[PDB]
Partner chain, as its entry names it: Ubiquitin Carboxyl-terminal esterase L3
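Presented as structure tokens, the chain that follows is alone, the form solved without its partner chain.
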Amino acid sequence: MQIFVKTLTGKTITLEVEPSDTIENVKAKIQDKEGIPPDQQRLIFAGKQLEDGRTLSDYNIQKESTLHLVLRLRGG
């Protein structure tokens, strides 16, 4: 299935994913397109922050769902 990710530029990309893919798997796909390391990635769906060990199906993310990418910087 296809989902969309709104990236750090505001641009929107399309990812080919499987329903049981983990959020970690999605983050690995996103780095390929955007150049943002998975560790610096936070993913938001329907306002909620997604957890790396959980899957798309866990959050009922279906085709044409849009995820929002937010930068996670630590420290400072």
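Shifts are known only where both forms have a C-alpha. Think of the rigid core as the biggest set of C-alphas that the two forms share within 1.5 Å after superposition. Positions refer to the first chain, counted from 1.
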Exercise. Taking the recorded C-alpha temperature factors, which stretch has the higher mean, 47-55 or 30-38?
Worked result: 30-38
Seminar exercise, completed: Avg C-alpha B-factor, entry values, 63-71 vs 5-13, higher side is 5-13
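The following text describes the form deposited with its partner chain bound, which does not appear among the structures shown.
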For this session: Might you check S57, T9, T66, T14 and identify the only one whose CA position changes by 2 Å or more between the shown form and the other one on rigid-core superposition?
Result: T9
For this session: Using only residues present in both forms, find each stretch of at least 3 consecutive residues where all Cα shifts reach 2 Å or more between the shown form and the other one, with the core as the superposition reference, and list them in order along the sequence.
Result: 7-9, 73-75
